[PDB]
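1. Give the three-dimensional model of this entry:
(5 chains)
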Amino acid sequence: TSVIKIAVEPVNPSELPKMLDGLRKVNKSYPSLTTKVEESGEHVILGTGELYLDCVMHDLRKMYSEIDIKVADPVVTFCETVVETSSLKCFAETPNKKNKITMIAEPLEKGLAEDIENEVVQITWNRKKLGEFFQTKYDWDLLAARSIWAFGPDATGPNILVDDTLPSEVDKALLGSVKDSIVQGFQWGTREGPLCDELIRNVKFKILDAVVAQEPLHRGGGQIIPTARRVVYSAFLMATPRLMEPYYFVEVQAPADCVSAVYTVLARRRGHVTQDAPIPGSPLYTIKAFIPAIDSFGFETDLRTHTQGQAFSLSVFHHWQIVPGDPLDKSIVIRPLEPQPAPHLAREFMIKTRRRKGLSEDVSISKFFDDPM
Amino acid sequence: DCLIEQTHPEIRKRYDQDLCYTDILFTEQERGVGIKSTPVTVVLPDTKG
Amino acid sequence: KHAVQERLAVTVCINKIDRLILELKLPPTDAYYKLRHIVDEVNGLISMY
Amino acid sequence: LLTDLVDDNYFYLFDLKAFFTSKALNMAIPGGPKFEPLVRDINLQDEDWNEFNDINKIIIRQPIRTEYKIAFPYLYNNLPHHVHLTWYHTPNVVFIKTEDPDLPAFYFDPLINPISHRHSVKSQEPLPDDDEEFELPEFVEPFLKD
RNA sequence: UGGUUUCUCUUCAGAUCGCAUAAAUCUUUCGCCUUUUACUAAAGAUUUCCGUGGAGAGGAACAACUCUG
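-> Residues are numbered from 1 along each chain as shown, chains lettered A, B, ... in the order given. Shown next is the protein structure:
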């Protein structure tokens, strides 16, 4: 996954389609370069590593488009995960004043999120095959596993809702489960995050009870899909969320004379040394470790600088982990320059994510989607 | 490049510098990492060949 | 992990074999023990899919 | 009177192609050049707080030093001009030199991490492939004259 | 097929011709500036000098030792 995201804008603002045509041609050359135009008008470019983004900026500025395009400092793509379970049930409202679907939010297990992200379980598989993995890996009830809802965005994101807290023959008016209205709601609501407009991950939406209309052509048929998206955004806000920063796998090779310099460099960037062991054959020992991608910029350049040029590191993609703090937490005055390693980083990350639209400043407006009743 | 020098009679091998013919981009020759795959079709004989 | 998941073939090739002699000065009896350590690790990593 | 160890000591901050990025981007390497002036005239202060380069909309987890902009200049320096690229990732060409000429020609050096097991196979008994290859005769000289 | 050297003179050099590297001039830039030359170094291209590379021409030393094939 292209976790690194660097914005690009031309120097002269009159050369706007010239940079737009160059970003289209650069998207055809590199496969992983997915140029997503943000809602704030800033043309973003998703990248893998520092050498990948520098090679993409080399052709876009010198070969694909002859225009001086200014590029800012990159930033890693965050996540929107519910750490704890739900605190109170939701109460949505259809514009026809007929439907009201309630859904609680609970996180998934560690093995369930890793298996769904690796495309092990299949939505096209049979219901008995989905129940066997849920009884073995998750060890849940057979009634809830037999009537599980759809997955997250594009049937690949680990956001499998639970449409089986209600009984099967409860209403059965429109669909009876997550088939038509709640299926498109969990597929579209998990894309745009209510926390910092990121991707939702590891959030099982337990639909407790819902209200349907007897005449779907008379009442709101397609109006429940934006109504469920407001209920899905209210569920993540009412479950104590936490933004998840990505990790980068670093395997640096170095001799034994320069070994503590690799440990000192990772300590400045808050990296945990996983396994350090001498490789057989070559006298250069291997040191595989983890590094957060939000502070891994120039880590390969810093590992070669401090170790007298006798080291070399490569950044590979790694699964995500929750950053400390909470974006909905208040009383955390973030500094504008030179931030702290204090655990109030989630409030600073949500304010830094406000460069695009959506989750702007004063992000405590989640009660507008989660009004009490 | 060693398969090209075995197939083609283009003797321009590693006299002083390398002879990386697969890296066609100019940034791949300056940086030395290569940022584009290049398909090569040649006639490599087997033992019977 | 990417090649075995795509249901393709696999064939290892220990390239740069001149570094084991001209750059390490390893004895030939220990070189076969090191080359068997690569083929055991490559076949051991191939036993995932 | 020589200081030749590898081609990777002077690679990242003293290579001759690396100083072209130090002169064109007008950013000195800490120790390499003698602070050559800028090629053009416009140095900085083009805009104070633009909508693209705002100080509030940036997560400064680590500062971008001058050594970072000399390595990958296109991803860090806004609008470069005639930047020569550096050569990336010189290989581990480390060689175990002989301490004294009493050891033989090819010798397992003590400054080498050895192979621990080397007994993964179970061939204490003679293998059945040896009896299968027992009908494979050989009487010629080996591949080189020993 | 048959010659190791050395010194003179006739071209093109787009190879780090130079694994290292000087001065002057021209067109633009900065700092001092008080008349000017001697000035500081950033960009580009024009000479001079320190030198060199293949290929025919003429002398000297064993060209005969017999070199590759």
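2. What residue in chain D comes nearest to RNA strand E?
-> Using Cβ to the nearest atom of the strand, residue D:36 is the residue of chain D that sits closest to RNA strand E, at 3.4 Å. Just so you know, the C-beta spots here come from the backbone N, C-alpha and C atoms, and that holds for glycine as well.
3. Could you list the contact residues of the stretch 51-200 of chain A toward chain B?
-> Taking Cβ under 8 Å from any Cβ of the partner chain as the contact definition, the stretch 51-200 of chain A meets chain B at A:51, A:55, A:58-59.
4. where along chain A do the strands fall?
-> Here chain A has its strands, by DSSP state E, at A:4-10, A:43-47, A:69-71, A:75-76, A:79-82, A:102-106, A:199-200, A:204-209, A:241-242, A:244-254, A:273-278, A:285-292, A:315-322.
5. possible to save these as CSV with mean neighbour count?
-> Putting the strands of chain A into CSV (neighbours: other Cβ atoms under 10 Å in any protein chain shown) gives the following:
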stretch, mean neighbour count
strand A:4-10, 21
strand A:43-47, 21
strand A:69-71, 21
strand A:75-76, 22
strand A:79-82, 26
strand A:102-106, 22
strand A:199-200, 24
strand A:204-209, 21
strand A:241-242, 25
strand A:244-254, 21
strand A:273-278, 13
strand A:285-292, 19
strand A:315-322, 17
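6. and of these, who's closest to residue B:9?
-> Nearest to residue B:9 among the strands of chain A is strand A:244-254 (39.0 Å), distances taken as Cβ to Cβ.
7. what angle do the closest one and strand A:273-278 make?
-> 10 degrees (axes from the mean of the first three to the mean of the last three Cα atoms, to 10 degrees).
8. helices or strands next to strand A:244-254 in the packing?
-> strand A:79-82, helix A:260-268, strand A:285-292, helix A:299-306, strand A:315-322 (3 or more Cβ pairs under 8 Å, 6 or more residues apart in numbering or on different chains; DSSP states H and E).
9. who's in contact with whatever residue of chain B ends up closest to chain D?
-> Chain D sits closest to residue B:30 of chain B, with a gap of 4.3 Å, by Cβ to the nearest Cβ. Taking Cβ atoms under 8 Å, 6 or more residues apart in numbering or on different chains as the criterion, residue B:30 is in contact with D:84-85, D:87.
10. tell me which element it is part of?
-> helix B:26-31 (DSSP states H and E).
11. which of the residues in that helix are buried?
-> By 16 or more other Cβ atoms under 10 Å in any protein chain shown, the buried positions in helix B:26-31 come out as B:27-28, B:31.
12. if I look at the residue positioned nearest the centre of chain C, how far off is residue D:106?
-> Centroid-nearest residue in chain C: residue C:38, 3.5 Å away (criterion: Cα atoms, centre = their mean). Between residue C:38 and residue D:106 the distance is 19 Å, computed by Cβ to Cβ, to the nearest Å.
13. What segments of chain D are helices?
-> D:18-24, D:66-71, D:73-76, D:128-132 (DSSP state H).
14. next one: chain B
-> Using DSSP H, helices in chain B cover B:2-7, B:26-31.
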